[PDB]
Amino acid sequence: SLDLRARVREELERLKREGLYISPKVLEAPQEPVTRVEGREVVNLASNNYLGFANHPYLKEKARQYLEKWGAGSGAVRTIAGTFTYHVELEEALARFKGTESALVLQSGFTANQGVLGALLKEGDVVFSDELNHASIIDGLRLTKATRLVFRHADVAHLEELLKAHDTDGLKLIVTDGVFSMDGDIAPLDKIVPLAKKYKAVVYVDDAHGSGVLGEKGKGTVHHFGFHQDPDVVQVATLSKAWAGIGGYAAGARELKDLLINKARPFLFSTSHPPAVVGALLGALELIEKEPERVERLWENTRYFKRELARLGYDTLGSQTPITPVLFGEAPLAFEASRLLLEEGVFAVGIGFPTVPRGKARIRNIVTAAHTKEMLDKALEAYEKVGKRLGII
């Protein structure tokens, strides 16, 4: 009986009633630590441009080469006629970078979770998910017949308790964000991986925010804890953030690759990526090798920034990564703080309930290697000012 326009109207009203309705801003200059929003130069702490690569001329030149050479599109899925020399070149470079036996590029970090989780899990397997796991993962799991258990965030005690209570002639898969998207804390892999080996279980790390951030040259969270050649650790990560393009990889055992080619639904049914994207990611792996400095500078800036927000008496939720949250509780106050920051030429988006828990709305700030001190001090200056008016310092 219900019409379109009508259903859409009902649903936007509900979202406005619950305080959750969002109005995305449009950026009017390239993705850089300083950019234009609403016709004003702002300091940009909303991006995931961790290494300053989103507009770096090296990556742009590599993309230009490959675009000219090969074209604007693979005309098909990898498994029919969409695999070209350049996809292999990238997967070869990725594995070598990662120090994994293999690597496979899929169409996003988002679909990577669906693809790998779907390929790996059957009716009978048991999954142990961290409760704060990214939405991308929840969707992946929901498309499998596996028994889904949740453990309290980063709680290795509760995790162990659950591993004793659930066993299988099949597969036990512990699943965690490597770096938690909105909280900015690191999965305790030092303790999780050992625990995993004690109970014949496999560890799956979604390292969207660890890739290009954590470990020697940003080889990632797994590589940082030194578990990268363990055949019972699987890692999937986006190439959209620090590597500043699009797509996600799945890295580990040579035989894993060959399973995903055969069983991963987004690899089977969705076009492979064009030359320009693959060019740019080849470029990015080349660049981080030439310039490991950038990763140091990312952390100097992170430390400086977190220290000052602490000095001013902001709670940073014991963040350990360049992700530097500031909690506002209800979403309306989060969006307001965002508006006031922007008035001071500082861009940091308020985040609300679909994306982050109810009663736990925040502003995520994301310090990058490309941020200069001048920029970081302007943001703090503004955070001081905006914090005074709301009387939270």
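The first residue of the shown sequence is 1; numbering continues from there.
Stretches 246-254 and 268-276 differ in mean C-alpha B factor, with the higher average recorded for 246-254. Per the PDB record, of the two stretches 126-134 and 302-310, 302-310 carries the greater mean B-factor over its C-alpha atoms. Highest C-alpha temperature factor among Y50, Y66, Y58, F353, as the PDB entry reports it: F353. Take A334, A54, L342, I366 and read off each C-alpha B-factor from the entry; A334 has the highest. For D315, the recorded CA B-factor ranks within the highest third of the chain. Only modelled residues enter the ranking. Ranked by Cα temperature factor within the chain, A361 sits in the highest third according to the deposited record. Per the deposited record, the Cα B-factor of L45 falls in the lowest third when ranked against the other modelled residues of its chain.
Remark: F347 belongs to the middle third of its chain, ranked by C-alpha B-factor as recorded. Annotation for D190: CA B-factor lies in the middle third of the chain's modelled residues.
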